[PDB]
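Colleague: Have a look at this one.
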Amino acid sequence: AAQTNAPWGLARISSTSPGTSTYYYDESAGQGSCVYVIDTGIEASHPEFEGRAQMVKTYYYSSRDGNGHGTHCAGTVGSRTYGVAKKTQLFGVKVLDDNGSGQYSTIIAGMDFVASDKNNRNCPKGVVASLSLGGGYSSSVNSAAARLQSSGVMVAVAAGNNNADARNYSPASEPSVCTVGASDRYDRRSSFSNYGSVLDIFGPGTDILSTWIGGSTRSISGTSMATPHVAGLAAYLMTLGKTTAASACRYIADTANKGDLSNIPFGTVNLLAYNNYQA
């Protein structure tokens, strides 16, 4: 399948070169997979989600996304126009308040929630969790991400936006999950992207158009935007049967575009997520 005039990041993930604008992908499109977006919520009524999104858990007075961040990330995972895996099922877990903040204890509870809640959902092709959040190093936060991964969920986490080594941030620094840095449309490391040996992969993160609250759209930047590209890619590849939740991060690294990014510090992987789809 071909989506013309796609957001640059979608085009990038199906291309061996920057500078194109059509996204190419297998029509299975993540059907039968599920992606949890652990964030500020999801505006599931947005026409872009086509009834495939729902809130399953909140720790606050509402499950609605009063911020936009979680809706944007969910849109990059699986919206019809802005999403990588256009037929996946999206499940929102609201661990962040409408200012975008959340206590580590709530975030940990949300991860353990997903590890159990997947057993209440129909995801025959597999389960992914996208975590566009983080703070300073916490062994308890890393352990929660490790449990979620161990339970059979492909966990993708943001590297962070400090232009610093991600070893000092959580859950970015957990070795067993997929830690995602950000790139721009010219294949440069995004100016804010964290780096370091703990990164597994880069995805599009600068000037990413996606869904927003109030039935709208907007373009924003962050490792928060790169992470759902990788989460959606995992769901898509799992639906194709090419990999599993336990092996998808490694498979994405195996099959990435290699050596094409600029300003990658010595010792950080130079790997850009790529679907290897041959139309």
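Colleague: Amide H neighbours of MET55 under 5 Å, counting only residues 5+ apart in sequence or on other chains, H built in-plane at 1.01 Å?
Modeller: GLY92
Colleague: For the range 1-82, which chymotrypsin sites (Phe, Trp or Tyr not before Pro) are in a loop by DSSP, counting at most 12 other Cβ atoms within 10 Å?
Modeller: Values: sites: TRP8, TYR23, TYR24, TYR25, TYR36, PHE49, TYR59, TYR60, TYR61, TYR82; in loops: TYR25, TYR59, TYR60, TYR61, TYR82.
Qualifying residues, ordered by number: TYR61.
Colleague: Translational D (Stokes-Einstein, µm²/s) of the range 2-272 at 20 °C and 1.002 mPa s when Rh comes from the Kirkwood sum over C-alpha pairs?
Modeller: Diffusion coefficient, whole number: 122 µm²/s.
Colleague: Using a cut-off of under 19 Å, list every residue of the range 100-118 whose amide N is near the label point 7 Å from the Cα of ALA246 along the Cα-to-beta-carbon line.
Modeller: 115-116, 118
Colleague: Taking amide hydrogens as modeled 1.01 Å from N in the peptide plane, which residues meet the under 5 Å criterion relative to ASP165, leaving out close sequence neighbours?
Modeller: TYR195
Colleague: Per-residue HN-Hα couplings for the range 233-241, Karplus 6.51 cos²θ - 1.76 cosθ + 1.60 at θ = phi - 60°, whole Hz, x for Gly and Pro?
Modeller: 4, 4, 4, 4, 6, 5, 4, 5, x
Colleague: What distance in nm separates the two pseudo spin-label positions at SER139 and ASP207, each 7 Å out from Cα along the beta-carbon direction?
Modeller: According to this spin-label approximation, the distance is 4.4 nm.
Colleague: Here's another thing I want to ask about it. Let me check I have the definition right: for the range 35-159, take the eigenvalues of the Cα gyration tensor, multiply each by 5, take square roots. What are those semi-axes in whole Å, largest first?
Modeller: On the way: eigenvalues 87, 58, 31 Å².
Result for the range 35-159: semi-axes of 21, 17, 12 Å.
Colleague: A further question follows. Using the 10 angstrom Cβ neighbour count as an exposure proxy, how do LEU261, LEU131 rank, fewest first?
Modeller: Lowest count first: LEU261, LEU131.
Colleague: Please flag any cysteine in the chain that has no other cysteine's Cβ under 4.7 angstrom from its own Cβ.
Modeller: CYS73
Colleague: Tell me, what is the percent relative contact order of the range 2-272, built from C-alpha pairs under 8 Å that lie six or more residues apart?
Modeller: On the way: 751 pairs, mean separation 57.5, N = 271.
Reported as a whole number, the value is 21 percent.
We place every Cβ from the backbone using ideal geometry, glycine too, and count neighbours over all the protein chains shown. All of the numbers you see were taken from the coordinates with simple rules; none came from a lab.
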